[PDB]
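Given next, in structure tokens, is a single chain: the form deposited in one PDB entry.
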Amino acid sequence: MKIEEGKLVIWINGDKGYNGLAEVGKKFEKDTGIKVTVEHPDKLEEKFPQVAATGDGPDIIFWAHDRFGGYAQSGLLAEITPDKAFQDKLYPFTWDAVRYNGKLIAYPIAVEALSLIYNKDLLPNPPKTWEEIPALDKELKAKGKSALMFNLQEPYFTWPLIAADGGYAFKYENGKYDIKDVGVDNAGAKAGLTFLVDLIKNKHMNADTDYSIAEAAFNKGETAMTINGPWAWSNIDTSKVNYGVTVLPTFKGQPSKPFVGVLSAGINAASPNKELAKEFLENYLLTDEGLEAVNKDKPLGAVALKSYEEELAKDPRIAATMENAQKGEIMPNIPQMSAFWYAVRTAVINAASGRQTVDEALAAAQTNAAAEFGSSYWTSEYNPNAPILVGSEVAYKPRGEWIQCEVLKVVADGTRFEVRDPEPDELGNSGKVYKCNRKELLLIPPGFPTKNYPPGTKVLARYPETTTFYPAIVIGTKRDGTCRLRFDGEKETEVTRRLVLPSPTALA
């Protein structure tokens, strides 16, 4: 039998109520005699396809519904089999979010939307408009506070502002999303992102702010407002902050338009435990008692289960969540969503940091949101392996040196690439073109690096005055991020962090 057989393994994001979910697990364990293990690995939405594609991975995966069409298309999700009596228990809107090609491919759990969260003591009357935020920040800075902090590293949190004046992901025409009609580079999207960039230029926000920083600042009473979802309320309750949850500010007189996500639970197509998974989800989790256990840990939002929602509906924070949801739009679940999110993430980060202008960043996003991408076989905790796009720079291993190449084509669902060494070759002055697989290339990340390699790490690094990557060892990393290296088989050599990659020889 498969190693996975005879138990349940469940993945859920670290910002959700995994401890509450484990309480539901324990009830199931008591009745069935079968073990349930809840895990919350980092980047689980990226890890899941890699492990599920080999027939491994968790039996049940939790994520917002947007990523599930891609998983389903890829053959990674089982069609679920709820009967009509069970289907009646959940709102039809929520079932719709988990349909792909007319089939139910997950169980819906709860409706999520971002709201404006504000400190009632610092700010009893929060601003109705984005335009009011600069003056409010000027006022608050005089007492060593700031107006607003929210996660600028995930485009989810900036999307409501991008969409407000007309930005959109994919246009919905004739019952379907048109992957050739992307709206991230129209006047509305430009206006919203420009407003964000201006907030940063004018020192009302910091481009480096992430989820943890914004949460800590709000919960410690340092900033008067944040933008977050229901899952965040528990930590605020525990803090000493008196908070309200309200409608997002308008931009150019129009509502902010947050994406609406339905937290959903899919069953791995390869799981030998599909019946156990169905029993857990239908008979334990999607009950008043099951959802209450998770919700008590971290709030779910507006739950899919009608009977339990009749209670939560009266919570003013839930009223605010649904007001914001109504003003927004349900995320698509099409397979192109992963490419869309990589593209918008990169545009927001690059524009916020000033590395690119708004126009430059959104033009690139428009192109790439609609593109096929691949990933290197080689994974590292220190360097990303995706997305490999047309126009990406990679190190390629000719059939221990690797050579710098540009990606010309990505084909066969990212399993085959056409890459070009742009240096003149005897067979063409424009450079030699190679065809390769995922094991033969490494992504050179195009953006500012995020993590140091620990001293002693074997790496591949571009040698000064060359376009060739050679094996080396990391001696250390400077404050500015520069790598100090000893190249194999040659003073130590300083190489920019961007040009230092994982070593497949070491990884293998």
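Numbering starts at 1 and follows the sequence shown. Rigid core (definition): largest C-alpha set, two forms, superposition within 1.5 Å.
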{"item": "Count class of coordinate-free deposited residues lying between the neighbours residue 143 and residue 144", "value": "none"}
{"item": "Deposited residues omitted from coordinates between residue 490 and residue 491, as a class", "value": "4 to 9"}
{"item": "Stretch with the greater mean C-alpha B-factor as recorded in the entry, comparing 143 to 151 against 68 to 76", "value": "143 to 151"}
{"item": "Of 88 to 96 and 172 to 180, the one with larger mean CA B-factor", "value": "172 to 180"}
{"item": "Identity of residue with top Cα B-factor, from 412, 227, 163, 113", "value": "412"}
{"item": "Given 27, 35, 40, 47, the residue at which the Cα B factor reaches its maximum", "value": "47"}
{"item": "Position of residue 207 among the chain's modelled residues by C-alpha B-factor, lowest, middle or highest third", "value": "highest"}
{"item": "Cα B factor band for residue 384 (lowest, middle or highest third within the chain)", "value": "highest"}
{"item": "Chain third (lowest, middle, highest) by recorded CA B-factor, residue given as residue 296", "value": "middle"}
{"item": "Chain-relative CA temperature factor third for residue 59", "value": "lowest"}
{"item": "Entry-reported Cα temperature factor of residue 257, expressed as the chain third it lands in", "value": "lowest"}
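The same protein also exists as the form deposited in another entry; that form is not shown, yet it is the one meant from here on.
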query	finding
Displaced position between this form and the one not shown, chosen from 9, 499, 12, 24 (C-alpha, 2 Å or more, rigid core)	499
Per-residue C-alpha change between this form and the one not shown, residue 254, threshold 2 Å, rigid core fit	no
Cα displacement of residue 313 between this form and the one not shown reaching 2 Å, rigid core superposed	no
Threshold 2 Å Cα movement between this form and the one not shown for residue 458, core superposed	yes
Distance trend in the other entry - C-alpha atoms of residue 474 and residue 208, change of 3 Å or more	closer
In the other entry, shift in Cα separation for residue 208 relative to residue 454, 3 Å or more	closer
